$ cat run.tsv   # TSV, C-alpha atoms
chain	number	residue	atom	x	y	z
A	116	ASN	CA	59.01	44.95	-238.36
A	117	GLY	CA	59.66	41.54	-239.85
A	118	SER	CA	59.03	38.07	-238.56
A	119	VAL	CA	58.55	37.45	-234.86
A	120	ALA	CA	61.85	35.55	-234.70
A	121	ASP	CA	63.68	38.59	-236.05
A	122	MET	CA	61.89	40.65	-233.42
A	123	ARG	CA	63.17	38.29	-230.74
A	124	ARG	CA	66.77	38.44	-231.96
A	125	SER	CA	66.65	42.23	-232.20
A	126	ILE	CA	65.25	42.58	-228.68
A	127	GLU	CA	67.85	40.24	-227.15
A	128	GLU	CA	70.64	42.06	-228.97
A	129	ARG	CA	69.34	45.40	-227.69
A	130	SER	CA	69.23	44.14	-224.11
A	131	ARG	CA	72.77	42.75	-224.14
A	132	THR	CA	74.18	45.78	-225.95
A	133	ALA	CA	72.46	48.15	-223.54
A	134	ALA	CA	73.98	46.47	-220.50
A	135	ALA	CA	77.43	46.43	-222.09
A	136	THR	CA	77.13	50.06	-223.19
A	137	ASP	CA	76.20	51.14	-219.68
A	138	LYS	CA	79.24	49.38	-218.27
A	139	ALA	CA	81.65	50.72	-220.89
A	140	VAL	CA	80.44	54.31	-220.53
A	141	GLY	CA	80.87	54.09	-216.77
A	142	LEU	CA	84.40	52.73	-217.04
A	143	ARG	CA	85.65	55.31	-219.52
A	144	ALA	CA	84.01	58.12	-217.58
A	145	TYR	CA	85.79	56.97	-214.42
A	146	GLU	CA	89.13	57.08	-216.23
A	147	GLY	CA	88.31	60.64	-217.25
A	148	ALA	CA	87.42	61.51	-213.67
A	149	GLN	CA	90.78	60.21	-212.36
A	150	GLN	CA	92.62	62.30	-215.01
A	151	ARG	CA	90.37	65.26	-213.97
A	152	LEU	CA	91.62	64.77	-210.36
A	153	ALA	CA	95.24	64.90	-211.59
A	154	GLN	CA	94.47	68.19	-213.35
A	155	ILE	CA	92.98	69.72	-210.18
A	156	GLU	CA	96.06	68.70	-208.22
A	157	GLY	CA	98.20	70.38	-210.85
A	158	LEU	CA	96.23	73.61	-210.54
A	159	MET	CA	96.79	73.55	-206.75
A	160	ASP	CA	100.54	73.00	-207.46
A	161	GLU	CA	100.42	76.24	-209.55
A	162	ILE	CA	98.87	78.08	-206.53
A	163	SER	CA	102.07	77.46	-204.46
A	164	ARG	CA	104.17	79.52	-206.96
A	165	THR	CA	101.81	82.54	-207.51
A	166	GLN	CA	103.61	85.89	-206.88
A	167	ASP	CA	101.59	88.97	-207.90
A	168	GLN	CA	97.94	89.66	-207.21
A	169	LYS	CA	96.92	89.51	-210.87
A	170	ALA	CA	98.44	86.03	-211.12
A	171	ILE	CA	96.46	84.63	-208.20
A	172	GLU	CA	93.25	86.27	-209.41
B	59	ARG	CA	106.20	98.52	-209.57
B	60	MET	CA	102.91	98.01	-207.73
B	61	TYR	CA	100.89	99.04	-210.79
B	62	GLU	CA	102.80	96.48	-212.84
B	63	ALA	CA	102.04	93.94	-210.12
B	64	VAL	CA	98.31	94.66	-210.36
B	65	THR	CA	97.82	95.07	-214.12
B	66	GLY	CA	98.85	93.03	-217.14
B	67	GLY	CA	98.37	89.46	-218.30
B	68	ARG	CA	100.04	86.57	-216.49
B	69	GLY	CA	99.23	83.65	-218.78
B	70	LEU	CA	97.31	81.62	-216.22
B	71	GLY	CA	94.41	80.40	-218.21
B	72	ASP	CA	95.63	78.53	-221.20
B	73	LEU	CA	97.06	76.50	-218.31
B	74	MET	CA	96.32	72.77	-218.56
B	75	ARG	CA	93.73	73.44	-221.26
B	76	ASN	CA	94.84	71.01	-223.98
B	77	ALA	CA	93.86	67.98	-221.91
B	78	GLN	CA	90.77	66.90	-223.83
B	79	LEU	CA	88.82	65.43	-220.95
B	80	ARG	CA	85.54	65.82	-222.83
B	81	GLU	CA	86.58	62.80	-224.91
B	82	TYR	CA	85.85	60.49	-221.97
B	83	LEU	CA	82.09	61.10	-222.28
B	84	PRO	CA	79.90	60.53	-225.35
B	85	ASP	CA	79.83	63.32	-227.90
B	86	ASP	CA	76.16	62.81	-228.80
B	87	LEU	CA	73.65	60.48	-227.20
B	88	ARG	CA	71.67	59.51	-230.32
B	89	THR	CA	74.32	56.97	-231.33
B	90	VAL	CA	75.54	55.91	-227.89
B	91	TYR	CA	73.68	52.60	-228.16
B	92	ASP	CA	74.87	51.92	-231.71
B	93	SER	CA	78.52	52.09	-230.66
B	94	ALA	CA	79.13	48.33	-230.49
B	95	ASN	CA	78.54	47.73	-234.20
B	96	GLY	CA	80.84	50.60	-235.12
B	97	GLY	CA	80.40	54.33	-235.17
B	98	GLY	CA	78.58	56.01	-232.34
B	99	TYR	CA	81.23	56.14	-229.63
B	100	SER	CA	84.57	54.40	-230.27
B	101	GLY	CA	86.16	54.55	-226.80
B	102	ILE	CA	83.23	52.43	-225.52
B	103	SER	CA	82.99	50.44	-228.84
B	104	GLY	CA	86.11	48.36	-228.12
B	105	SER	CA	85.16	48.08	-224.46
B	106	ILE	CA	81.64	46.91	-225.34
B	107	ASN	CA	82.94	44.17	-227.59
B	108	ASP	CA	85.31	42.99	-224.86
B	109	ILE	CA	82.54	43.03	-222.23
B	110	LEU	CA	80.06	41.15	-224.42
B	111	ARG	CA	82.75	38.57	-225.14
B	112	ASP	CA	83.46	38.13	-221.43
B	113	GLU	CA	79.80	37.91	-220.36
B	114	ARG	CA	79.08	34.71	-222.31
B	115	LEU	CA	78.75	31.70	-220.05
B	116	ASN	CA	80.76	28.52	-220.58
B	117	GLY	CA	80.82	25.11	-218.94
B	118	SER	CA	78.10	22.98	-217.46
B	119	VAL	CA	74.81	24.53	-216.40
B	120	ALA	CA	75.61	23.84	-212.73
B	121	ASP	CA	78.83	25.85	-213.04
B	122	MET	CA	76.77	28.61	-214.65
B	123	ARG	CA	74.44	28.57	-211.64
B	124	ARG	CA	77.27	28.76	-209.12
B	125	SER	CA	78.95	31.58	-211.04
B	126	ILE	CA	75.73	33.58	-211.24
B	127	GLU	CA	74.95	33.19	-207.53
B	128	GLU	CA	78.50	34.18	-206.62
B	129	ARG	CA	78.24	37.26	-208.84
B	130	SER	CA	74.98	38.31	-207.21
B	131	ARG	CA	76.25	37.97	-203.65
B	132	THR	CA	79.59	39.61	-204.44
B	133	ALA	CA	77.86	42.50	-206.20
B	134	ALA	CA	75.67	43.26	-203.20
B	135	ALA	CA	78.62	43.06	-200.82
B	136	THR	CA	80.79	45.22	-203.09
B	137	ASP	CA	78.11	47.89	-203.25
B	138	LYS	CA	77.89	47.98	-199.47
B	139	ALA	CA	81.66	48.04	-198.92
B	140	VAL	CA	82.23	50.81	-201.46
B	141	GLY	CA	79.54	52.90	-199.81
B	142	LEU	CA	81.00	52.44	-196.34
B	143	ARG	CA	84.58	53.31	-197.28
B	144	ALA	CA	83.42	56.29	-199.32
B	145	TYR	CA	81.49	57.59	-196.31
B	146	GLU	CA	84.62	57.35	-194.17
B	147	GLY	CA	86.43	59.39	-196.81
B	148	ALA	CA	83.62	61.95	-196.81
B	149	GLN	CA	83.92	62.43	-193.05
B	150	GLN	CA	87.66	62.98	-193.39
B	151	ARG	CA	86.87	65.47	-196.19
B	152	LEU	CA	84.64	67.39	-193.74
B	153	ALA	CA	87.48	67.51	-191.23
B	154	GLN	CA	89.76	68.92	-193.94
B	155	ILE	CA	87.23	71.63	-194.87
B	156	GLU	CA	86.93	72.62	-191.23
B	157	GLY	CA	90.70	72.89	-191.06
B	158	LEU	CA	90.78	75.19	-194.08
B	159	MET	CA	88.19	77.45	-192.39
B	160	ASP	CA	90.42	77.42	-189.25
B	161	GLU	CA	93.25	78.78	-191.49
B	162	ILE	CA	90.84	81.52	-192.76
B	163	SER	CA	90.81	83.23	-189.30
B	164	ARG	CA	94.64	83.61	-189.11
B	165	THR	CA	95.03	85.16	-192.62
B	166	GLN	CA	96.85	88.55	-192.46
B	167	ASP	CA	97.85	89.97	-195.87
B	168	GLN	CA	95.73	90.12	-199.00
B	169	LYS	CA	97.90	87.67	-200.93
B	170	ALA	CA	97.45	85.11	-198.15
B	171	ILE	CA	93.66	85.27	-198.22
B	172	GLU	CA	93.58	85.16	-202.02
B	173	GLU	CA	95.72	82.02	-201.99
B	174	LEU	CA	93.40	80.55	-199.37
B	175	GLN	CA	90.38	81.34	-201.54
B	176	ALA	CA	91.95	79.57	-204.49
B	177	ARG	CA	92.86	76.62	-202.25
B	178	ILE	CA	89.25	76.33	-201.07
B	179	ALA	CA	88.12	76.55	-204.70
B	180	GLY	CA	90.39	73.64	-205.56
B	181	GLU	CA	88.95	71.76	-202.60
B	182	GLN	CA	85.46	72.33	-203.99
B	183	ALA	CA	86.67	71.04	-207.35
B	184	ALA	CA	87.90	67.88	-205.63
B	185	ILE	CA	84.51	67.33	-203.99
B	186	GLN	CA	82.89	67.87	-207.40
B	187	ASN	CA	85.15	65.17	-208.79
B	188	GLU	CA	84.08	62.80	-206.03
B	189	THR	CA	80.44	63.53	-206.86
B	190	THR	CA	81.06	62.61	-210.49
B	191	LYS	CA	82.87	59.45	-209.39
B	192	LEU	CA	79.92	58.43	-207.22
B	193	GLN	CA	77.54	58.94	-210.14
B	194	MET	CA	79.79	56.75	-212.27
B	195	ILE	CA	79.87	54.06	-209.54
B	196	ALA	CA	76.04	54.08	-209.39
B	197	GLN	CA	75.82	53.64	-213.16
B	198	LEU	CA	78.29	50.77	-212.99
B	199	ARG	CA	76.23	49.15	-210.22
B	200	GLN	CA	73.14	49.30	-212.39
B	201	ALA	CA	75.04	47.88	-215.36
B	202	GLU	CA	76.35	45.01	-213.24
B	203	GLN	CA	72.85	44.11	-212.10
B	204	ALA	CA	71.66	44.17	-215.71
B	205	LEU	CA	74.54	41.91	-216.74
B	206	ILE	CA	73.73	39.41	-213.98
B	207	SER	CA	70.13	39.33	-215.19
B	208	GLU	CA	71.37	38.77	-218.75
B	209	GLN	CA	73.48	35.82	-217.60
B	210	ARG	CA	70.50	34.36	-215.76
B	211	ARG	CA	68.40	34.59	-218.89
B	212	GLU	CA	71.16	33.06	-221.01
B	213	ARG	CA	71.24	30.07	-218.66
B	214	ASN	CA	67.45	29.82	-218.75
B	215	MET	CA	67.44	29.95	-222.58
B	216	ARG	CA	70.16	27.26	-222.70
B	217	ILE	CA	68.13	24.89	-220.53
B	218	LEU	CA	64.86	25.41	-222.42
B	219	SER	CA	66.30	25.75	-225.93
B	220	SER	CA	64.30	24.02	-228.64
B	221	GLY	CA	67.53	23.07	-230.40
B	222	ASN	CA	68.21	20.44	-227.77
B	223	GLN	CA	67.87	16.90	-229.09
B	224	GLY	CA	68.47	14.63	-226.11
B	225	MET	CA	66.17	12.64	-223.87
B	226	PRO	CA	66.47	9.70	-221.46
B	227	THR	CA	66.91	6.26	-222.98
B	228	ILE	CA	64.98	3.14	-221.99
B	229	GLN	CA	67.38	0.28	-221.36
C	173	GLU	CA	87.49	86.62	-195.66
C	174	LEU	CA	83.73	86.47	-196.09
C	175	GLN	CA	84.13	85.19	-199.64
C	176	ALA	CA	86.44	82.43	-198.45
C	177	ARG	CA	84.00	81.60	-195.64
C	178	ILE	CA	81.14	81.27	-198.13
C	179	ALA	CA	83.38	79.11	-200.31
C	180	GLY	CA	84.00	76.81	-197.35
C	181	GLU	CA	80.26	76.72	-196.75
C	182	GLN	CA	79.75	75.61	-200.36
C	183	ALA	CA	82.37	72.92	-199.81
C	184	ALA	CA	80.41	71.69	-196.80
C	185	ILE	CA	77.21	71.47	-198.85
C	186	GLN	CA	79.17	69.57	-201.52
C	187	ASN	CA	80.26	67.13	-198.83
C	188	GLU	CA	76.66	66.63	-197.76
C	189	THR	CA	75.72	65.94	-201.38
C	190	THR	CA	78.39	63.25	-201.59
C	191	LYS	CA	77.20	61.79	-198.29
C	192	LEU	CA	73.63	61.60	-199.58
C	193	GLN	CA	74.81	59.80	-202.71
C	194	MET	CA	76.67	57.33	-200.51
C	195	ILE	CA	73.55	56.81	-198.35
C	196	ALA	CA	71.48	56.08	-201.49
C	197	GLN	CA	74.02	53.51	-202.66
C	198	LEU	CA	73.99	51.89	-199.23
C	199	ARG	CA	70.18	51.76	-199.33
C	200	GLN	CA	70.29	49.95	-202.65
C	201	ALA	CA	72.92	47.54	-201.35
C	202	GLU	CA	70.82	46.79	-198.28
C	203	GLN	CA	67.78	45.98	-200.41
C	204	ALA	CA	69.92	43.69	-202.56
C	205	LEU	CA	71.25	41.94	-199.46
C	206	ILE	CA	67.73	41.39	-198.11
C	207	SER	CA	66.76	39.84	-201.45
C	208	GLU	CA	69.84	37.62	-201.28
C	209	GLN	CA	68.85	36.41	-197.81
C	210	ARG	CA	65.33	35.68	-199.04
C	211	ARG	CA	66.71	33.60	-201.87
C	212	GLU	CA	69.09	31.77	-199.55
C	213	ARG	CA	66.13	30.78	-197.37
C	214	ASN	CA	64.15	29.71	-200.43
C	215	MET	CA	67.08	27.61	-201.69
C	216	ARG	CA	67.47	26.01	-198.25
C	217	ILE	CA	63.81	24.95	-198.15
C	218	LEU	CA	63.78	23.56	-201.70
C	219	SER	CA	67.31	22.12	-201.77
C	220	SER	CA	67.61	18.76	-203.49
C	221	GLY	CA	70.20	17.70	-200.93
C	222	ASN	CA	67.48	17.29	-198.32
C	223	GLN	CA	66.84	13.67	-197.40
C	224	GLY	CA	63.98	13.73	-194.92
C	225	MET	CA	60.29	12.96	-195.21
C	226	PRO	CA	57.42	12.10	-192.84
C	227	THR	CA	57.39	8.60	-191.38
C	228	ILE	CA	54.36	6.31	-191.24
C	229	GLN	CA	53.94	4.93	-187.73
D	59	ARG	CA	105.37	97.50	-196.93
D	60	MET	CA	102.08	97.45	-198.85
D	61	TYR	CA	103.77	96.07	-201.96
D	62	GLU	CA	105.24	93.28	-199.85
D	63	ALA	CA	101.76	92.68	-198.45
D	64	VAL	CA	100.32	92.30	-201.96
D	65	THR	CA	103.07	90.35	-203.74
D	66	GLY	CA	105.04	87.22	-202.90
D	67	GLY	CA	104.19	83.64	-202.03
D	68	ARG	CA	102.50	82.77	-198.74
D	69	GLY	CA	102.62	78.97	-198.79
D	70	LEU	CA	98.86	78.43	-198.65
D	71	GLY	CA	98.37	75.70	-201.12
D	72	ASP	CA	100.48	72.76	-200.19
D	73	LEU	CA	98.21	73.14	-197.16
D	74	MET	CA	96.48	69.90	-196.14
D	75	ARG	CA	97.46	68.31	-199.44
D	76	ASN	CA	99.09	65.06	-198.26
D	77	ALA	CA	95.77	63.66	-197.03
D	78	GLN	CA	95.19	61.03	-199.71
D	79	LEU	CA	91.41	61.12	-199.75
D	80	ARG	CA	91.31	59.63	-203.24
D	81	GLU	CA	92.17	56.27	-201.64
D	82	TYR	CA	88.63	56.00	-200.26
D	83	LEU	CA	87.18	55.48	-203.76
D	84	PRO	CA	88.13	52.79	-206.28
D	85	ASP	CA	91.17	53.49	-208.42
D	86	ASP	CA	89.75	51.78	-211.52
D	87	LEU	CA	86.30	50.33	-212.04
D	88	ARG	CA	87.23	47.34	-214.21
D	89	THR	CA	88.31	45.32	-211.17
D	90	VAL	CA	85.92	46.74	-208.58
D	91	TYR	CA	83.80	43.58	-208.69
D	92	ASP	CA	86.81	41.25	-208.51
D	93	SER	CA	87.96	42.78	-205.22
D	94	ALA	CA	86.60	40.05	-202.93
D	95	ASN	CA	88.84	37.31	-204.33
D	96	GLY	CA	91.90	39.53	-204.03
D	97	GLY	CA	93.24	42.34	-206.12
D	98	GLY	CA	90.87	44.90	-207.51
D	99	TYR	CA	90.26	47.20	-204.51
D	100	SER	CA	92.10	46.02	-201.34
D	101	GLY	CA	90.34	48.44	-198.93
D	102	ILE	CA	86.83	47.11	-199.75
D	103	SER	CA	88.19	43.52	-200.10
D	104	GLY	CA	88.52	43.11	-196.30
D	105	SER	CA	85.05	44.64	-195.91
D	106	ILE	CA	83.43	42.44	-198.58
D	107	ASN	CA	84.67	39.27	-196.95
D	108	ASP	CA	83.33	40.43	-193.58
D	109	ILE	CA	79.95	41.38	-195.07
D	110	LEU	CA	79.55	38.10	-196.95
D	111	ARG	CA	80.42	36.23	-193.76
D	112	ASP	CA	77.81	38.18	-191.80
D	113	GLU	CA	75.03	37.83	-194.40
D	114	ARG	CA	74.82	34.04	-194.14
D	115	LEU	CA	71.70	32.89	-192.31
$ encode --input "run.tsv" --output "structure tokens"
Amino acid sequence: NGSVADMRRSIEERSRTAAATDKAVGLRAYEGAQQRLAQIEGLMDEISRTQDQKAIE
Amino acid sequence: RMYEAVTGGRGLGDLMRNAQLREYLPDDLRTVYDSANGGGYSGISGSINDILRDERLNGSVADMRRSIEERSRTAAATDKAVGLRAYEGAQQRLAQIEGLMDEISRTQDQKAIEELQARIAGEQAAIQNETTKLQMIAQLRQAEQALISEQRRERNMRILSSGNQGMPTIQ
Amino acid sequence: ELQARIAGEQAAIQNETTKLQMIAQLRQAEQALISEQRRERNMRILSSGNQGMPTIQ
Amino acid sequence: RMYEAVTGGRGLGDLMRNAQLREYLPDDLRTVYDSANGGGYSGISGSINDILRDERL
């Protein structure tokens, strides 16, 4: 809606924002993945100390 | 004693559960593309503003051209190199899995095989994490190509802008 | 033991999934490199630094 | 004997854990595309320079 110039500005803004949003989502997700790795390593550290059968199950 | 060893609660679970790792992905996808202006997603919001600031070209148009060509070539090479090194890591991962199955044959007691099962489960979790990381790398690759295209179009708009006022002078 | 064997088998299929992702990324990179080579050839033909032209004789 | 067979720690876990396979993927993705010049990701940086050298016609 609106004048064709407003349409142009809206479309260019959408394009730039879409590219930037893609990049930012990827970056933050990768940080989360690296923290997720740390958590898995911690769970394997817990495995070394398990004593009873109920604990390991 | 053995009944106590089998029954009861041991507290595992509620173990490393407060780490809110769901906050590193968007809560809802309706507003994921409205995050830059505010609202939507705030972890990306700041990042988006920084990225958009850094993607604006400066200097002469020739410098813009050289920067864009360098970005394109470097992006292709980076994609290839990341793929190659990741594949080497995947082969080493296969060797590790085979080793864990070698350990499966020598297991003797029940506790030993249960620990080995949980170790293999953790190994699967690690491979899951690598799968997620590869997905994230692919998304970043796509975003980088889009950004290079945006820079190209910014340069094109700057050359052909109707706000330009200059022309050659007859002297 | 059979459960742990099947778990290892799942880990192997996970590894193949990661390998396929890596192959797809490499495919994309190869296509990008071919495009880059095409554009290098195009730039070399149309370069403004060229100084030659046919001679009248 | 059977109680000893069920309970205790067996050392599995801390088994093949020093293999740093996370080093074959980028640590952070902000600097993944600055790796060629130096910094970013050192492991791909040697590979990127070789690839860019080999892709010149």
$ interface_residues --input "run.tsv" --of "chain A" --to "chain B" --cutoff "8 Å" --atoms "all atoms listed in the file" --output "PyMOL selection string"
chain A and resi 130-148+150-152+154-156+158-159+162+167-172
$ atom_distance --input "run.tsv" --atom1 "atom CA of residue 203 of chain C" --atom2 "atom CA of residue 108 of chain D"
17.9 Å
$ interface_residues --input "run.tsv" --of "chain D" --to "chain A" --cutoff "8 Å" --atoms "only C-alpha atoms" --output "JSON, numbers by chain"
{"D": [64, 65, 66, 67, 68, 69, 70, 71, 72, 85, 86, 87, 88]}
$ write_last_selection --input "run.tsv" --atoms "C-alpha atoms" --output "PDB file, in the coordinates of the input"
ATOM      1  CA  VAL D  64     100.320  92.300-201.960  1.00  0.00           C
ATOM      2  CA  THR D  65     103.070  90.350-203.740  1.00  0.00           C
ATOM      3  CA  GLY D  66     105.040  87.220-202.900  1.00  0.00           C
ATOM      4  CA  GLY D  67     104.190  83.640-202.030  1.00  0.00           C
ATOM      5  CA  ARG D  68     102.500  82.770-198.740  1.00  0.00           C
ATOM      6  CA  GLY D  69     102.620  78.970-198.790  1.00  0.00           C
ATOM      7  CA  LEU D  70      98.860  78.430-198.650  1.00  0.00           C
ATOM      8  CA  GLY D  71      98.370  75.700-201.120  1.00  0.00           C
ATOM      9  CA  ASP D  72     100.480  72.760-200.190  1.00  0.00           C
ATOM     10  CA  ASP D  85      91.170  53.490-208.420  1.00  0.00           C
ATOM     11  CA  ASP D  86      89.750  51.780-211.520  1.00  0.00           C
ATOM     12  CA  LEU D  87      86.300  50.330-212.040  1.00  0.00           C
ATOM     13  CA  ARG D  88      87.230  47.340-214.210  1.00  0.00           C
TER      14      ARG D  88
END
$ interface_residues --input "run.tsv" --of "chain B" --to "chain C" --cutoff "7 Å" --atoms "only C-alpha atoms" --output "ChimeraX atom specification"
/B:131,134,137-138,141,144-145,148,152,155,159,162,171,175,178-179,182,185,189,192
$ closest_atom_pairs --input "run.tsv" --of "chain D" --to "chain B" --cutoff "9 Å" --atoms "all atoms listed in the file" --output "Markdown table"
| residue | atom | partner | partner_atom | distance |
| --- | --- | --- | --- | --- |
| D:60 | CA | B:60 | CA | 8.9 |
| D:61 | CA | B:60 | CA | 6.1 |
| D:63 | CA | B:167 | CA | 5.4 |
| D:64 | CA | B:169 | CA | 5.3 |
| D:65 | CA | B:169 | CA | 6.5 |
| D:66 | CA | B:169 | CA | 7.4 |
| D:67 | CA | B:169 | CA | 7.6 |
| D:68 | CA | B:170 | CA | 5.6 |
| D:69 | CA | B:170 | CA | 8.1 |
| D:70 | CA | B:173 | CA | 5.8 |
| D:71 | CA | B:177 | CA | 5.7 |
| D:72 | CA | B:177 | CA | 8.8 |
| D:73 | CA | B:177 | CA | 8.2 |
| D:74 | CA | B:154 | CA | 7.1 |
| D:77 | CA | B:154 | CA | 8.6 |
| D:79 | CA | B:147 | CA | 6.0 |
| D:80 | CA | B:147 | CA | 8.1 |
| D:81 | CA | B:147 | CA | 8.1 |
| D:82 | CA | B:144 | CA | 5.3 |
| D:83 | CA | B:144 | CA | 5.9 |
| D:84 | CA | B:140 | CA | 7.9 |
| D:87 | CA | B:195 | CA | 7.8 |
| D:90 | CA | B:136 | CA | 7.7 |
| D:91 | CA | B:133 | CA | 6.5 |
| D:92 | CA | B:132 | CA | 8.4 |
| D:93 | CA | B:136 | CA | 7.9 |
| D:94 | CA | B:132 | CA | 7.2 |
| D:101 | CA | B:143 | CA | 7.7 |
| D:102 | CA | B:139 | CA | 5.3 |
| D:103 | CA | B:139 | CA | 8.0 |
| D:104 | CA | B:139 | CA | 8.8 |
| D:105 | CA | B:139 | CA | 5.7 |
| D:106 | CA | B:135 | CA | 5.3 |
| D:107 | CA | B:135 | CA | 8.1 |
| D:109 | CA | B:135 | CA | 6.1 |
| D:110 | CA | B:135 | CA | 6.4 |
$ atom_distance --input "run.tsv" --atom1 "atom CA of residue 112 of chain D" --atom2 "atom CA of residue 216 of chain C"
17.2 Å
$ atom_distance --input "run.tsv" --atom1 "atom CA of residue 213 of chain C" --atom2 "atom CA of residue 115 of chain D"
7.8 Å
$ closest_residue --input "run.tsv" --among "B:96, B:87, B:114, B:164" --to "residue 126 of chain B" --atoms "all atoms listed in the file"
B:114
$ axis_aligned_box --input "run.tsv" --around "segment 207-218 of chain B" --padding-each-side "6 Å" --output "lines of an AutoDock Vina configuration file"
center_x = 69.2
center_y = 32.1
center_z = -218.9
size_x = 20.6
size_y = 26.4
size_z = 19.5
